[PDB]
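One letter stands for each residue in the lines below.
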Amino acid sequence: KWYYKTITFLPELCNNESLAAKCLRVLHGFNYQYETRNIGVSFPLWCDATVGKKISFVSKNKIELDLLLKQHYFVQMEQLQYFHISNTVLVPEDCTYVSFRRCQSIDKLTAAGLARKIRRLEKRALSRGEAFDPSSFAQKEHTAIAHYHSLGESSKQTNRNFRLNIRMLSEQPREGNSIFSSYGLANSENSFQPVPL
Amino acid sequence: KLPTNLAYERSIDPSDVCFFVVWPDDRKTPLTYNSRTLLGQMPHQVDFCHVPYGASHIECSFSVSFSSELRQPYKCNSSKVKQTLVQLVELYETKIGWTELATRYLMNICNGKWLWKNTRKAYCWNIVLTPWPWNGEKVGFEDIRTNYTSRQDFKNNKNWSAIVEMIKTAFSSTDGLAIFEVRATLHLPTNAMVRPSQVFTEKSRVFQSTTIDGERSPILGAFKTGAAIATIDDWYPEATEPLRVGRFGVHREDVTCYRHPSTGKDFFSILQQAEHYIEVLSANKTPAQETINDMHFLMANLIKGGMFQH
Amino acid sequence: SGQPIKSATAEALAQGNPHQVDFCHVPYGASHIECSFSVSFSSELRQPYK
Amino acid sequence: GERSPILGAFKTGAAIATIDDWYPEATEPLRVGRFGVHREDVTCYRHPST
RNA sequence: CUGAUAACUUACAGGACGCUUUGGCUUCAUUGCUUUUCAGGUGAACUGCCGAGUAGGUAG
C-alpha cells in the first residue's frame, strides 16, 4: 500500500549528494515536530558514481508523505525550478526492492575514527590493572572498501560536520510497518527494511 | 663556449629522511601508514599517515655530505674552458669567500626547511647535528620557532663558527669532506598528519616508502630533501622569496619560471660571460649589485651541476 | 647559439620532466657494507698467445 | 635468489691497471692502454703523433 | 547498326614392381657507459554511546 513522490533535480549541472543530504536534513527537521519513523529514502537512479537526479519518499500513510513535502523548502525550490515533485502515485506489484543502509563502520576506519576508538577503549579499561599499551594498536597496512556514497550531513545542536555514508543492496521484499528512522533508513538497530526503488 | 661535452658532479649529498614514532617509554618504532582503496562496485589507492595515539613525539633522521667536486669539471672535453672555470672558482674563493653560500646552505639544515610541511601546526621541534670530522659535543638547536628566527639567532657563537668553517674547507681543499648526521624531534598535536614524499605514477597520494625492521615506512625523498637545502636563490631580477637553484630559476607552486633566457639572468647567459667575470674579480672593488649576486648563482649551480653541454 | 622558437616559454621550461633511475642506498640500522672479490696474477706475458 | 648490484668484472680490472703516469708530462695515473686515453679529459694523450 | 544475322563435342579407362649416403674435425685473444633531478591532500569525514573485545552495532 506504498506511494512515492520522486523529486528530480533539473538545472543540468549540480552536485546530487549536496541536494540528497539537504533533502534528508529537511526530512530530519521533520519527524521531530511529528515524532514519526515511517518515511524511507528510495534513491531510484543509484549508480556507482553520481547518485541520480531524483529521490522519492516512499511510505504507507500518504498523509504524512505529503505533509512533509509541503515544508516551505521543497515548495521554495519549486517556483525557482530546481525541483519537480510528483503526484503521489502507488507502487506497482512486481518492483525492484533495494535497501539503503547507513553503515557507520566507515566513519571509524578514518585515522580520527581509530584514535577516537582507541581513546574510548582506553577510558573503559577501568576494569583496572594493566594500562594496556596504545603501542599494540596499528592500522594494518591495506583496507579494500566499497561503496557507501557519503552525503554531506551536519549536526544542528552542535556545529559539527559529520557524514552519513549509505550502501544499496536488494533482496527480501517485505518486513516491518515501516520501521525507518530520523534520516530515512535501512539499518537502525532493528531492521533491514527494503525500499521499492 | 659550451664545449659539446661538459659535466659537473654534485658537492652536497643528502639521504632519505627516516621517520620514527618515539613512545612515552622512550622506545622508537618505524612510523607506518594506512593505504585505503575504494573497491568500486560492479588502481585509485590513497595513503594516510598520522601519529599513533599515545605517542611521545616523532624523530626524523638523515645525513648530508659537503665535498669538493665544484673545483674541477667531471668531464670537460676542452683544455680552454676547464682552466677558465677552475680559475673562476679559485678567483671567487679568494675574492668573496664561501661564508655566504655555506651559511645559506647550513641554515636550511639547522631550521628544518627539509621537513617541508610537518613543522606546520607543531608545538616544538629541535635539531641535533653530529658533524664529522669533529672533536667535541653534538651541535644542538632547541625549539626552532622562538630563538632561531634570523641569521643572528644562529650566530650564537657556541658552535656556529665551528660548523660553517669545515663547509668552507670542504669547498676550499682538494678531497675536502664534511659529513653531518641530522636528527630532528617533532612534538606534534595528538593524531597530527605526517606529510612524506609521494610516488610519481604518470596519469591519488601514493607515498614513497622504505623497509625498516621488516615494516614499510614513509621516507620524504632523497632528491626532495636536496631541493630544500638548495632553496637559497633570491638574486633573480627583483626578488620575492628563495627559489631552488636551477638554470632557469623555476618556481614550482606557480608553474612560471624567473631567470628566463630573455632576462639574461639564467645560468647559460651568466656562464658564457665567465671570461668577463675573471677581470672584474681581479680589480677593487666588485659590487654586491648584480656581479657578486651572479657569482653566487654561478657557484650555487656548480655545487649542484649536471651537463652544461651542446 | 641563440634562443629557440617561443615554445620554450617561462611556463614550458617549468614543466616537470620525469626520469626513471635505479636507486641503491644502505638500509637504516645497518652496521656497515662488505665488498668482496678475487684477483689472480699469472705469467701469460712470458710468451705470446698467437 | 635476490637481485644485487655488482660494480663489474672489467671495471675492477681498470681500477687495478690505473698505474700509467709515464705519459709525456705527468699529472695523475691513467688506465694502461694502447693510446693512453683520459676518460675525464675527453682528449687522448700518448697519441701516435707524440 | 559489331569478319553482321543462327550455332550442344561428346561418350570409356588400374602406372606400376625393387632399393644402406658415408667416413674426419679446437673459433679465439682485449675491454670503465657516466654526469643532474620536489609529484603534488591550503582547512577538510567530528563528538559520543552500547559492547569482554583492534568483533559487531549505534545517535546527532
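Residues numbered from 1 in each chain as written, not as in the entry; some residues may be left out. Chains lettered and ligands numbered in written order. Part of a larger assembly, values for the part shown. Heavy atoms only, no water.

Structure determination for this entry, per the PDB record, employed cryo-EM and reached 2.9 Å resolution.

Looking up chain B in the PDB entry gives the name cas7 type I-F CRISPR-associated protein Csy3, with the organism given as Vibrio cholerae. Within the Protein Data Bank, this record goes by the title "Target DNA-bound V. cholerae TniQ-Cascade complex, closed conformation".

As recorded in the PDB entry, chain A goes by the name type I-F CRISPR-associated endoribonuclease Cas6/Csy4, listed as coming from Vibrio cholerae.

I'm lost on the overall build of chain B in this one. Help?
Along its length, chain B carries nine helices and 13 strands. Computed over its C-alpha atoms, the radius of gyration of chain B comes to 22 Å, within 12% of the 19 Å expected for a compact globule of 310 residues. On the principal axes, the C-alpha backbone points of chain B span a range of 65 × 55 × 35 Å. Within chain B, the fraction of its 310 residues that count as buried is 50%. (Helix = DSSP H or I, 4+ residues; strand = E, 2+ residues; numbered from the N terminus. Rg over C-alpha atoms; globule rule 2.2 N^0.38 Å. Buried < 20%, exposed > 50% of the residue type's maximum accessible area, 1.4 Å probe, protein only.)

Even after reading the chapter, I still don't get helix α9 (residues 291–303) of chain B, so can you show me in this structure?
All names here are of chain B. When the terminal C-alpha atoms of α9 are compared, their 18 Å separation across 13 residues agrees well with the 18 Å that a helix rising 1.5 Å per residue should span. Counting buried residues in α9 gives eleven out of 13 residues, a clear majority hidden from the surface. Downstream of α9 by a residue or two, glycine 305 has a phi angle that is positive, lying close to 120°. (Expected span 1.5 Å × (residues − 1).)

How do you make sense of the protein's contact with RNA strand E when you look at a structure like this?
Taken together, 63 residues are adjacent to RNA strand E, and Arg120(A), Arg160(A), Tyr8(B), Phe200(B) and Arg39(D) come closest. If you look at RNA strand E and keep only atoms within 4 Å of the protein, 56% of those are sugar or phosphate atoms. Taking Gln157(A), its side chain carries an N or O atom lying 2.7 Å from a sugar or linking oxygen of RNA strand E. Looking at the surface near RNA strand E, the elements that each hand over two or more residues are α4 (111–123) of chain A, α6 (223–229) of chain B together with α1 (9–16) of chain D. The dominant element in the surface near RNA strand E, judged by the number of residues it contributes, is α4(A), at six residues. (Near = heavy atom within 4 Å. Polar contact = N/O pair within 3.5 Å; in protein donor to acceptor, adjacent residues only side chain to side chain.)

Just checking my understanding: could you explain the environment of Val86(B) for this structure?
Residue and element names in this part refer to chain B. By secondary structure assignment, the location of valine 86 is in helix α1 (residues 81–95). With 15 residues separating them in the primary sequence, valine 86 and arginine 71 have C-alpha atoms 5.9 Å apart. The contact partners of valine 86, leaving out residues within four places of it in the chain, are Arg71, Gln72 and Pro73. (Contact = heavy atoms within 4.5 Å.)

In this structure, what is going on with the packing of helix α2 (residues 99–110) of chain B against α9(B)? I would like to understand it.
Between two packed helices, the angle of one axis relative to the other and the distance separating the axes together describe the packing. All names here are of chain B. α9 packs onto α2 with a crossing angle of 55° between their chain directions and a minimal axis gap of 11 Å. One way to sum up the angle between α2 and α9 is to call them oblique. As for the relative orientation of α2 and α9, their crossing is right-handed in sense. In this structure, α2 uses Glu100, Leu101 and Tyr105 to contact α9, whose residues at the interface are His296, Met299, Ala300 and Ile303. Each residue belonging to the contact of α2 with α9 can be placed in one class, and the counts come to five nonpolar, one polar and one charged. (Axes fitted to C-alpha atoms, helices over the stretch in contact; angles between N-to-C directions. Parallel < 35°, antiparallel > 145°, perpendicular 65-115°, else oblique. Left-handed = near helix turned anticlockwise from the far one by under 90°. Nonpolar A, V, L, I, M, F, W, Y, C, P; charged D, E, K, R; others polar.)

Looking at this structure, how should I read the domain arrangement of chain B?
Many structure descriptions define interface size as the accessible area lost when the parts assemble. Residue and element names in this part refer to chain B. When the domains of chain B are assigned, the result is domain 1 (1–10 + 69–97 + 231–310) and domain 2 (11–31 + 49–68 + 98–197). Relative to domain 2, the C-alpha centre of domain 1 lies at a distance of 28 Å. Contacts between the two partners involve 19 residues from domain 1, matched on the other side by 17 residues from domain 2. Both faces combined, the contact of domain 1 with domain 2 buries some 1700 Å², and carbon together with sulfur accounts for 54% of it. Per-residue buried area on domain 1 facing domain 2 is highest for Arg10, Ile232 and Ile303; these three make up 34% of the total on that side. Viewed at the interface, domain 2 and domain 1 are joined by two salt bridges. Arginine 10 serves as the salt-bridge partner of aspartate 13, at 3.0 Å between the closest nitrogen and oxygen. (Domains from an automatic or database assignment. Buried area = accessible area lost by both parts, 1.4 Å probe. Salt bridge = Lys/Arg side-chain N within 4 Å of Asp/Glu carboxyl O.)

Would you mind showing me how to read the packing of α1(B) against α9(B) here?
Residue and element names in this part refer to chain B. Running from N to C, α1 and α9 point in directions that differ by 120°, and their axes come no closer than 11 Å. In this view, α1 runs oblique relative to α9, as classed from their interaxial angle. As for the relative orientation of α1 and α9, their crossing is left-handed in sense. Residue-level inspection shows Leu88, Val89 and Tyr92 of α1 in contact with α9, the latter providing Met295, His296, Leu298, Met299 and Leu302.

What am I meant to see in the sheet that holds strand β4 (residues 83–84) of chain A here?
For sheets, the rule is that strands pair by backbone hydrogen bonds, running either parallel or antiparallel. Residue and element names in this part refer to chain A. Read from one edge to the other, the open sheet built from three strands follows the order β3-β2-β4, with strand pairing classed as antiparallel. Of all the strands in the sheet, the pair left with one neighbour each is β3 (54–55) and β4. The pairing of strand β2 (residues 7–9) with β4 spans two bridges and is classified as antiparallel. Bridge pairing in β4 links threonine 8 to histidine 84. Strands in contact with helix α1 (residues 16–29) are β2, β3 and β4; relative to β2, the strand with the most contacts, it is inclined by about 150°. (Pairing = 2+ DSSP bridges.)

For this particular structure, what's the right way to read a positive patch on the surface?
A grouping of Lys117(B), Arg120(B), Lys121(B), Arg195(B), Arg205(B), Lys224(B) and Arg252(B) is seen on the molecular surface, where their side chains present a positively charged patch. Looking at the element boundaries, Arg205(B) is found in the loop between β9 (177–187) and β10 (209–212). (Patch = residues over 30% accessible without salt bridge, like charges linked within 9 Å, V, L, I, M, F, W, Y side chains within 5 Å. Areas by Shrake-Rupley, 256 points an atom, 1.4 Å probe, with all protein chains shown as cover. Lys, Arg positive; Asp, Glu negative; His and termini not counted. Charge placed at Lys NZ, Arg CZ, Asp CG, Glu CD.)

So what exactly am I meant to see when it comes to the interface of chain B and chain A here?
The partner chain A presents 20 residues to the 18 residues of chain B that form the contact. Overall, the association of chain B and chain A removes approximately 1800 Å² of surface from exposure, summing both partners, and the carbon and sulfur fraction of that is 50%. Considering only the side of chain B, the residues that lose the most area to chain A are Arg36(B), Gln41(B) and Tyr53(B), jointly responsible for 36% of the buried surface there. For the pair chain B and chain A, the number of links is two salt bridges.

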